Amino acid sequence: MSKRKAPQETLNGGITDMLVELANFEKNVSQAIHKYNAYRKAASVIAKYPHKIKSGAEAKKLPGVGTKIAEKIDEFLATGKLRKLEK
C-alpha cells in the first residue's frame with residue numbers, strides 16, 4: 001500500500017488490474033469457481049500484454065480472452081476516450 005507515488009486515476013490500460021480484481025473477489029469468485037478460471041487465463045495473457053487497448057479487437061488476438069471477459073476489457077477503456085486538446 002503506497003509504494004512511492006501512483007497516479008490518481010491510473011494512466012489508461014489498467015487491464016490486468018481490474019481482471020485480477022475479480023479474481024481477488026474472495027467471495028463471489030474466490031477459488032474453484034466456474035467463471036473464476038475465466039479471469040485467471042484472461043489476466044495471464046493481459047498482464048503479460050503491454051496493457052491499454054483502444055480497439056476491442058486487441059483482446060481478440062490475446063489467446064484465452066475473446067468470448068465473455070473481452071467485453072470487460074473494453075469496459076475499463078470504455079469511459080477513457082476523452083480528447084487530447086487539439087491545437
# chains A, B, ... in the order shown; residues from 1 in each chain; ligands from 1
$ select_by_dssp --residues "chain A" --states "alpha helix (DSSP H)" --output "CSV table (one decimal) with C-alpha atoms, in the first residue's frame"
chain,number,residue,atom,x,y,z
A,15,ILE,CA,-6.4,-4.2,-17.7
A,16,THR,CA,-4.6,-6.8,-15.6
A,17,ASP,CA,-5.5,-4.7,-12.5
A,18,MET,CA,-9.3,-5.0,-12.9
A,19,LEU,CA,-9.0,-8.5,-14.2
A,20,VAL,CA,-7.0,-9.6,-11.2
A,21,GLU,CA,-9.6,-7.7,-9.1
A,22,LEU,CA,-12.4,-10.1,-10.0
A,23,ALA,CA,-10.0,-13.0,-9.1
A,24,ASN,CA,-9.4,-11.3,-5.7
A,36,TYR,CA,-13.1,-17.7,-11.7
A,37,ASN,CA,-10.9,-19.5,-14.3
A,38,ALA,CA,-12.0,-17.1,-17.0
A,39,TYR,CA,-10.2,-14.2,-15.2
A,40,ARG,CA,-7.2,-16.4,-14.4
A,41,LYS,CA,-6.4,-17.1,-18.1
A,42,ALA,CA,-7.6,-13.7,-19.5
A,43,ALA,CA,-5.4,-12.0,-16.8
A,44,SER,CA,-2.4,-14.3,-17.6
A,45,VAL,CA,-2.3,-13.0,-21.2
A,46,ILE,CA,-3.4,-9.4,-20.4
A,47,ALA,CA,-0.9,-8.7,-17.6
A,48,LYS,CA,1.8,-10.1,-19.9
A,57,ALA,CA,-10.2,-6.3,-31.3
A,58,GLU,CA,-6.9,-6.3,-29.2
A,59,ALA,CA,-8.4,-8.6,-26.6
A,60,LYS,CA,-9.4,-10.9,-29.5
A,61,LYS,CA,-5.8,-11.6,-30.5
A,69,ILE,CA,-14.4,-11.2,-20.5
A,70,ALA,CA,-13.3,-9.4,-23.7
A,71,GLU,CA,-16.2,-7.0,-23.1
A,72,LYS,CA,-15.0,-6.3,-19.6
A,73,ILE,CA,-11.6,-5.3,-21.1
A,74,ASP,CA,-13.2,-2.6,-23.2
A,75,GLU,CA,-15.3,-1.7,-20.1
A,76,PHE,CA,-12.0,-0.4,-18.5
